[PDB]
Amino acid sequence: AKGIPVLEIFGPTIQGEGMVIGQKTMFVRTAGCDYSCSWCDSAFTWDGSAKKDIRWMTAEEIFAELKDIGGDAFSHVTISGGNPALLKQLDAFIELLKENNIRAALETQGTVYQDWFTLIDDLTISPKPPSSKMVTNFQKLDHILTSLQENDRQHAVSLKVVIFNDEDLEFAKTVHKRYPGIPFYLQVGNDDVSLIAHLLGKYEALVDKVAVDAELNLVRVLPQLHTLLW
């Protein structure tokens, strides 16, 4: 259990949200989360239901399976969870992706810092809104973004906040106004219920609210391309 807890490896596919939306990438979803958000779409990563399905793999084993699935049709890998920032062992895998000249992306809610953050080309910090029933530690969020700006990583970091209600939108203003020099992405909240027409109505409704708000000018409102496709 000294390796990397891997849950699923699939691709190539398109990143459907965030800073690198549309990027063709391979996904390596790891296990473990320090959050228990109310609308966690990947609860199996932390509730223990997929504990038996965990495959503790080394860095070279993950890369070998990435080549058996993606072949040579990928140059970008996305690590997700869960909260992959909880795993310090990922440093060996992120370093392995760099040796093979492969760009790496990762999303974390911003509760724990790792030294290998400086190696991520597309680092997404995603603070969770109050609708998740999670308390946001802005002190730890400050330390992470400050450490990234000191290590000359501003070009690789973005902020993404999912919006389910008007209270989440006010939370996004607090995060955006606190870190003005960081690209800010607003994502539409998904409520599992022709859901494609229901989602474009939710996306357009969020765009209309941001269009009239003067405090959310340097933001990017995006939907989830994956849920619209599949």
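Heads up: residue numbers just count along the shown sequence, starting at 1.
According to the entry, the deposited sequence places 4 to 9 unmodelled residues between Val193 and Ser194. Stretches 58 to 66 and 194 to 202 differ in mean C-alpha B factor, with the higher average recorded for 194 to 202.
Here 78 to 86 and 143 to 151 are compared by their mean Cα B-factor, and 143 to 151 comes out higher. In the PDB entry, a CA B factor belonging to the highest third of its chain's modelled residues is recorded for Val188.
Compared with the other modelled residues of the chain, the Cα B-factor recorded for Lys160 ranks in the lowest third. Annotation for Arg29: C-alpha temperature factor in the lowest third relative to the rest of the modelled chain, per the entry. Annotation for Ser131: C-alpha temperature factor in the middle third relative to the rest of the modelled chain, per the entry.
Ranked by Cα temperature factor within the chain, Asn100 sits in the highest third according to the deposited record.
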